[PDB]
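The chain that follows stands alone, in the form deposited without the ligand, written as structure tokens.
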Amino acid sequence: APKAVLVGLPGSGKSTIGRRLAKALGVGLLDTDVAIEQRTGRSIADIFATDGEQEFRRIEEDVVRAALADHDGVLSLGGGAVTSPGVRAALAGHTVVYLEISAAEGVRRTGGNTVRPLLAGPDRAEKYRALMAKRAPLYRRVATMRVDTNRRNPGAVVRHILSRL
């Protein structure tokens, strides 16, 4: 089982805290989105655009279940993985760290244009708050550890988690 599975909204720090937490533990980081692009050679988008949700999610769940079983390092879950009941079911029993972030800070951390599909240019703040009302309850449900990242720098978040593992 993974040392920790990180979940949270876009920009809550899944990739960043995941990378730094993994480095600290001397283990590898497995990001489900990446495992998907590598498994299919297709980018996240093409899959969506082409196959769409149901098919992506099915693939994503497939990747998550395998990672939860084979990966012993840090696992960062794609932001929407928790919307699949099969994923929430597979997570039961695992150490799940929910990186919490306010909408104001979250939307500002993602302004990097690093490819945030569900956060188009037109009124991102409004879209981010909607995404939060929708995903937040799910993260809280699967979370075994809730970590507030609002005023904590990445190092402090990492140390906070390490202390509770």
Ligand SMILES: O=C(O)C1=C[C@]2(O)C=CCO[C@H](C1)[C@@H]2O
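So that there is no doubt, residue numbering starts at 1 and follows the sequence shown. In this text, rigid core is short for the largest set of C-alphas that superpose within 1.5 Å between two forms. Only residues modelled in both forms are compared.
FYI, the form solved in complex with the ligand isn't displayed, but the following is about it.
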Legend entry - 4.5 angstroms heavy atom contact with the ligand in the bound PDB entry for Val115: yes
Legend entry - Partner contact for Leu68 in the bound PDB entry: the ligand, 4.5 angstroms, heavy atom: no
Inset, instruction - Find out whether any non-hydrogen atom of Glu61 is located within 4.5 angstroms of the ligand in the bound PDB entry, and reply yes or no. - result: no
Inset, instruction - Find out whether any non-hydrogen atom of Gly73 is located within 4.5 angstroms of the ligand in the bound PDB entry, and reply yes or no. - result: no
Legend entry - Per-residue C-alpha change between the shown form and the other one, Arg57, threshold 2 Å, rigid core fit: no
Legend entry - Yes/no, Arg42 Cα shift of 2 Å or more between the shown form and the other one with rigid core fixed: no
Legend entry - Where the chain shifts between the shown form and the other one once the rigid core is fitted, runs of at least 3 with Cα moving 2 Å or more: 112 to 117
